[PDB]
There are 6 protein chains.
Amino acid sequence: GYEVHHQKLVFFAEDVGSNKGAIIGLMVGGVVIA
Amino acid sequence: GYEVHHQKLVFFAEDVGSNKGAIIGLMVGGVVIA
Amino acid sequence: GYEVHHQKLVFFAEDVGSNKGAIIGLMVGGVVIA
Amino acid sequence: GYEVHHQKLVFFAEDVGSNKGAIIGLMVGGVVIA
Amino acid sequence: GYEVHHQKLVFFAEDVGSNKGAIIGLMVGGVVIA
Amino acid sequence: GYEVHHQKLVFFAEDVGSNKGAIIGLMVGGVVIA
């Protein structure tokens, strides 16, 4: 037998207030200018 | 037997207030200017 | 038998206030200018 | 000044012959059984 | 001045022949059974 | 001045033949059974 359960993954877990820039969770390739 | 269940993934888990920039969850290729 | 459960992974666990730059969780390749 | 150019990203760069399983480039969430 | 150019990223750079399992480039969350 | 160029990143650089299991480049969270 195998049981796999209740795995949890979270990028941002609280409030993201008044951003004037760039917030990104997961970026693959690509360019950010801030 | 195999059971797989209750996996959870979350990019932003709380409030996103008053953004004046760029919020992005997952970006593949692509350019951001902020 | 094997049981695997309740693994937890978190990039940012508290508030992200007043960003004027770049916040990124996971970046693969890619260029950031701040 | 800033110039950003000629970035290249490639998942599979050569031939993919006689697949009898699952080939996937980028998978977000989701379950694969092979 | 800043110039950024000719960055290259490659998951699989040669032939992928006769797969009977799972080939995946980038997997975020998610379960694979092979 | 700053010049940044010709960075190269490669997960698999040669042939991937006769897989009967799981080949993955980059895995974030998630469960693999092979």
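Per Swiss-Prot, chain B residues shown: 680-713, in order.
Backbone N, Cα and C atoms are what each Cβ position is placed from, and that goes for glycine too.
Residues or ranges marked as O-linked glycosylation site by Swiss-Prot: B:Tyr681. Under the heading site 'Implicated in free radical propagation', Swiss-Prot lists B:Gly704, citing similarity to another entry as support. Annotation comment: Swiss-Prot describes B:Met706 as site 'Susceptible to oxidation'.
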What residues, ordered by sequence, lie under 8 A Cβ-to-Cβ from B:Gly704 (site 'Implicated in free radical propagation') and sit at least six positions away in the same chain?
B:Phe690, B:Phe691
Could you check the recorded positions B:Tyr681, B:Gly704, B:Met706 and tell me which sit with their Cβ under 8 Å of a chain E Cβ?
B:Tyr681
Can you check which residue among the recorded positions B:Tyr681, B:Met706 has the largest number of Cβ atoms within 10 Å of its own?
B:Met706
Near-D candidates in B:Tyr681, B:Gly704, B:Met706, the recorded positions, by Cβ under 8 Å:
none
How many Å separate the Cα atoms of B:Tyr681 (O-linked glycosylation site) and B:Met706 (site 'Susceptible to oxidation')?
33
Cβ-based proximity (under 8 Å) of the recorded positions B:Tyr681, B:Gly704, B:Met706 to chain F, or none:
B:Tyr681
